[PDB]
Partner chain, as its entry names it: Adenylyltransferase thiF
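A single chain, nothing else alongside it, follows as structure tokens in the form solved without its partner chain.
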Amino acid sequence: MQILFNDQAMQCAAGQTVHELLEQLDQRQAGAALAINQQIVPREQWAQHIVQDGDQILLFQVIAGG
């Protein structure tokens, strides 16, 4: 499978959530949000957000709004 992490193309485990994608890529969170396929999902879902071959991702630093 392949993905786009912050405009960076990649190849990881298709079907693996984000918590699965990030962790597979060797990335965790520490306060990070991301947008896949242009849909910004809340970190928590990363653990149940199964990623698919062609997984596109956006990277946000810290959860800050306002």
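Numbering follows the first chain given and starts at 1.
The protein also exists as the form solved in complex with its partner chain; that form is not presented, and the subsequent description refers to it.
- By the criterion of a heavy atom within 4.5 Å, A13 is excluded from the residues contacting its partner chain in the deposited complex.
- Though the partner is left out of this view, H19 does not reach within 4.5 Å of its partner chain in the deposited complex, counting heavy atoms only.
- Its partner chain in the deposited complex is approached by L58, whose closest heavy atom lies within 4.5 angstroms of it.
- Although the partner is absent from this view, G54 stays clear of its partner chain in the deposited complex, with no non-hydrogen atom inside 4.5 angstroms.
- Residues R28, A30, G31, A32, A33, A35, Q38, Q39, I40, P42, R43, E44 are the ones in 16 to 47 with at least one heavy atom within 4.5 Å of its partner chain in the deposited complex, listed in sequence order.
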